[PDB]
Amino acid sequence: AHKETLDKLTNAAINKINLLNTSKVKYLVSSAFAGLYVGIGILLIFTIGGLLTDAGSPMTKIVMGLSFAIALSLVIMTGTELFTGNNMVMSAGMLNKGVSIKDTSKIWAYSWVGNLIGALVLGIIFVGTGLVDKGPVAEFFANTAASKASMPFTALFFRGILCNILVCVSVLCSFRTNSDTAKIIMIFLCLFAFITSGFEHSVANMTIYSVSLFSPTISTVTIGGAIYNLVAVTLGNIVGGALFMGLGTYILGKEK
């Protein structure tokens, strides 16, 4: 049912841009929450990364992956604005003559900046719990944040592609089912996949660098490196979202 799906997608895009043109406050607040949601998932899996790494476990990355489902499940189940997901919706709705190229440009920028705000808000709050004053978890953040800002642009860009392919395909999946359960399971599988395989998610990283740059202990990485990671991964996501999933669902769901 590609036609029915492409239509759903396009409506989604129109609804998004409509919200933005109606209330920037509403759209920013909705995106803020999606960032805090994806971020919560990060906090869970780095807390797991810490516990399991300190204990020298081979299962660390598998378990970290199995436990990330909450990040996207919360976003999908609350109907909040996540930038990575708008990479497919805006483009798919754009090729379908439902939204302009500006519309897409505007939703991407606002959803992005909006997601960042949720991540910064979460960062400060977590930091204030003490839970990263020192120890295995605190360190797991510092090291990870360093690893990522230290990788080749090509490596990130491509990691970013494979990631948003998985994310958007689970979003597409939710558009093609009525089972909120099936929705969640598919999100579970895709995040399990993208997390454990080592792909890069622009928004989830906002929480990673948010907590680092806001933590006292963490001296390891600069703000300039956080921008290099987000930009290289962002571009990667955009490609994997718009140029693969966006264009793909349109091609499969046109009618002449």
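The numbering used is simple: start at 1 and walk along the sequence shown.
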For the higher mean C-alpha B factor in the entry, choose 144 to 152 or 92 to 100.
-> 144 to 152
When mean C-alpha B-factors in the record are compared for 216 to 224 and 57 to 65, the larger belongs to 216 to 224
Per the deposited entry, the peak Cα B-factor within the set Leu191, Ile70, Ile42, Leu230 goes to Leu230
When the CA B-factors of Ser170, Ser179, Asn87, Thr80 are compared as recorded in the entry, which is the largest?
-> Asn87
According to the PDB entry, is the CA B factor of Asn205 in the bottom, middle or top third of its chain, that is, lowest, middle or highest?
-> middle
In terms of the chain's CA B-factor thirds, is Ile251 lowest, middle or highest?
-> middle
On the chain's distribution of Cα B-factors, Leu243 falls within the third called highest
Check where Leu51 lands among this chain's C-alpha B-factors and tell me if it's the lowest, middle or highest third.
-> highest
Looking at the entry's B-factor column for C-alpha atoms only, identify whether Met186 ranks in the lowest, middle or highest third of its chain.
-> lowest
